[PDB]
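Student: Have a look at this one before I ask anything.
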Amino acid sequence: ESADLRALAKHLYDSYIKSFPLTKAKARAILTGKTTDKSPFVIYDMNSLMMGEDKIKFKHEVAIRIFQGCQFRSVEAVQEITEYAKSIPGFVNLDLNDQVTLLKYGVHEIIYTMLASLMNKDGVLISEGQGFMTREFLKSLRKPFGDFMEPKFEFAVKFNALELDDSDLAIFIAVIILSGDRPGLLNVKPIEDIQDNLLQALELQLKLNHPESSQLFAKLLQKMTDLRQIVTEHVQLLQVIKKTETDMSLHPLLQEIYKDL
Amino acid sequence: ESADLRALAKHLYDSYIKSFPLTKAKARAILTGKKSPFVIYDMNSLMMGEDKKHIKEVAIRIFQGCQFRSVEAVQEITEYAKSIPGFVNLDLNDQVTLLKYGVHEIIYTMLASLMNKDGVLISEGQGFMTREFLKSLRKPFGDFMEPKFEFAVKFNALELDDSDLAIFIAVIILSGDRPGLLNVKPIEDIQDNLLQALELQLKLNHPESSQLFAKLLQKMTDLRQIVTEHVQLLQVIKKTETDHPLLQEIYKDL
Ligand SMILES: O=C1NC(=O)/C(=C/c2ccc(OCCc3cccs3)cc2)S1
């Protein structure tokens, strides 16, 4: 029944609003100058960086500080994604080892999917939308770190052209988590049973919410390819960073996810 | 309506049949199905294999044989592409770019048609090279074919036939995200037509296979990872087999 698929879509969106405090709708209102939401302080250079601590709530050399800010924010995102994952029907009923596997491989793909909501071609919201850091400033960071965000901006620019909203994205990230082709999965068939249902819900949602967007379903699914590539690029970059910066600490939670291979 | 889509589907199937001599249906007959192929499972059966055409060490020669055949397949794939409605009307640089960045993904998709969990057909179905033997090869040559095997067991589980694959091959070719494309719009416009035709095709041909369309598109992400892993390995070998002239030229890299 298409009715059961609408109710699932409604459940996932409601749980997505409950788990993720900075939605695409809030991010867009900040980025475009709406009266619903307030204006970000903009970090584009070192003085603006230093000025931002006075005006922005934080708790933080500059490339190292910025990169560890991103990783602390990533750790928080893993907390939110993990709470969203529990709400996807059937997920908590799976083999515990496979719940862990799905999270291990799913979480960064979702992080970079949702990061696109906070991006435009010029930069990225930070500190829950209170701040905005320009793309050029990030590209100017010392040698290595200078390229760590550019693959995220490039994808975001193409991803944001799909014009998805949070109700669309709620189902999409659920589809991402419940991939039965993740390495090391014990019981693939129950996982695939859930994804099948999630894919039907996503498909119906895209037809009703975007009835003039031809093959949006297929074009969104093709984007899954870009996410995989961003993750494997990021992992390579992290292997370099940790060799050139022996004094820089990665969070153990992210360190346990990065099993790659 | 759903009728122009059937035209597209049958047109592509027919051109696919003309363009690719060994189809999946025939490879299925040979493999796990009912002229049995000469099997290559060790060094002695390899040697007798060749004895009964490329031009030296065992592991190198097998890799060189894979190049010859893939260069053959690029020509089959190129001819098929020119049969996709609208492809020849695109910017010639863009046709070149779509083929350069697409033929690897298609080669490993069609190679899955010739594989099972235990080995791969070669020499137009006349031979079968066991997977275990390939994994047993020296240096990084034993790692060259293995990840295509793991893709192919996952791809083959979809149980696509040639009529399905004919439209999925075209979808891959018309990828609007290839680097360096000059005019992306008409490419995505064609691909959108192809995806529509692929979706109707799978719904009619596999009415019982829920969300087959989506599951097949998701296999793109594993294809590109395979291709990306492979071109890397391909570079490591540049630093194994070293200093051919016209031969080296013939096998540029694609
Ligand atoms: O080492 C790593 N591991 C990960 O999973 C990373 C992902 C990531 C998460 C958020 C990002 O936004 C930038 C926001 C901020 C800038 C300065 C203070 S806050 C950028 C990247 S980075």
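First to last, the sequence lines map onto chains A and B.
Read in order, the letters of the first sequence are residues 207 to 266, 276 to 476 in the authors' numbering.
Read in order, the letters of the second sequence are residues 207 to 240, 244 to 261, 265 to 267, 275 to 462, 466 to 476 in the authors' numbering.
Beta carbons are placed, not taken as given, at the ideal position from N, Cα and C, and that holds for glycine.
1. Under DSSP, the beta strand (DSSP E) around A/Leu435 begins and ends at which residues?
2. For A/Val446, which residues of its own chain have a beta-carbon under 8 angstroms away from its beta-carbon, when the five flanking residues on both sides are left out?
3. Helix, strand or coil, according to DSSP, for B/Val248 in the structure here?
4. Who are B/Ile341's beta bridge partners in DSSP?
5. Could you tell me the alpha carbon to alpha carbon distance between A/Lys224 and A/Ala233, rounded to whole angstroms?
6. Tell me which residues share the same chain as A/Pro398 and place their Cβ nearer than 8 angstroms to its Cβ, disregarding the 5 neighbours each side in the sequence.
7. For B/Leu393, which residues from the same chain have a beta carbon less than 8 angstroms from its beta carbon, with the 5 sequence-adjacent residues on both sides left out?
8. Give the secondary structure of A/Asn402 by DSSP, where H, G and I count as helix, E and B as strand, and everything else as coil.
9. Just checking my contact of B/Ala215 with B/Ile386 at CB under 8 angstroms: how many whole Å lie between their CB atoms?
10. Applying a beta-carbon distance threshold of less than 8 angstroms, which residues of chain A neighbour residue 242 of chain B?
11. Spatial neighbours of B/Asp313 within its chain, please: CB distance less than 8 angstroms, with the 5 preceding and 5 following residues excluded, ordered by chain position.
12. For A/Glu351, which option in A/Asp362, A/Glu343, A/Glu427 has the closest C-alpha, if you only look at C-alpha atoms?
13. At 3 residues or longer, what runs of the beta strand (DSSP E) sit wholly inside the stretch 301 to 388 of chain B?
14. Does the Cβ of A/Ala292 lie closer than 8 angstroms to at least one heavy atom of ligand 1?
15. On the CB-based measure, 16 or more other CB atoms within 10 Å of its CB, does B/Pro426 come out buried or exposed?
16. Assuming the contact rule is C-beta atoms closer than 8 angstroms, residue 242 of chain B and B/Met334 should be a hit. Round their C-beta distance to whole Å, please.
17. So what does DSSP say about B/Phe226, is it helix, strand or coil?
18. Would A/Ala389 and A/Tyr299 be called neighbours here (beta carbons separated by less than 9 angstroms)?
19. With distances taken from each beta carbon to the nearest heavy atom of ligand 1, which residues come in below 5 angstroms, in chain order?
20. Count the other CB atoms, across all protein chains shown, that sit within 10 Å of the CB of A/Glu418; report buried if there are 16 or more and exposed otherwise.
21. Counting only the same chain and skipping the five closest in sequence on each side, list residues whose C-beta sits under 8 angstroms from that of A/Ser464.
22. Using 8 angstroms as the threshold, is the stretch 466 to 476 of chain B in touch with the stretch 278 to 294 of chain B, meaning 3 or more CB pairs across them?
23. A/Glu418 CB to nearest chain B CB: under 9 angstroms?
24. Against chain A, does B/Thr440 count as a neighbour if the rule is that its beta carbon must be under 9 angstroms from one of theirs?
25. Is there a C-beta anywhere in chain A that falls below 9 angstroms from the one on B/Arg397?
26. 9 angstroms is my cut-off, CB to CB: does B/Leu436 come that close to chain A?
27. Candidates B/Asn253, B/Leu211, B/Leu442, B/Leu377: which alpha carbon is nearest residue 463 of chain B's?
28. How should B/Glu295 be labelled, buried or exposed, when 16 other C-beta atoms within 10 angstroms of its C-beta is the threshold for buried?
29. Mark B/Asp383 as exposed unless 16 or more other C-beta atoms lie within 10 angstroms of its C-beta, in which case mark it buried.
30. Please compile the residues from chain A whose C-beta is within a distance smaller than 7 angstroms of the C-beta of B/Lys373.
31. In terms of alpha-carbon separation, which member of A/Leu379, A/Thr297, A/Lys358 lies closest to residue 268 of chain A?
32. Just to confirm before moving on: does the CB-CB distance between B/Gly258 and B/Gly344 stay below 9 angstroms?
33. Determine the DSSP secondary structure at B/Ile409, reduced to helix, strand or coil.
34. Since B/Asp396 contacts B/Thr229 with CB under 8 angstroms, what's their CB separation in whole angstroms?
Tutor: From the atom records:
1. Note, A/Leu435: premise wrong, no beta strand (DSSP E); alpha helix (DSSP H) at 431 to 459.
2. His323, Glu324, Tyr327
3. strand
4. B/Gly346
5. 16 angstroms
6. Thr316, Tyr320, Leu476
7. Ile303, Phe306, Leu317, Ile406, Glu407, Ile409, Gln410, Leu413
8. coil
9. 6 angstroms
10. Since the model of chain B includes 240 and then 244 but nothing between them, residue 242 of chain B has no atomic positions to report.
11. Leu400, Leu401, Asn402, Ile406
12. A/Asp362
13. 338 to 341, 346 to 349
14. yes
15. exposed
16. Missing here is residue 242 of chain B; chain B as given proceeds from 240 to 244 without the residues in between.
17. coil
18. yes
19. A/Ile281, A/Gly284, A/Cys285, A/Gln286, A/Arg288, A/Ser289, A/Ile341
20. buried
21. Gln283
22. yes
23. yes
24. yes
25. no
26. yes
27. Residues lacking coordinates in chain B include everything strictly between 462 and 466, among them residue 463 of chain B.
28. buried
29. buried
30. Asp396
31. The structure shown gives no position for residue 268 of chain A: in chain A, residue numbering passes from 266 to 276 with nothing in between.
32. no
33. helix
34. Incorrect: roughly 29 angstroms between the Cβ atoms, too far for contact.
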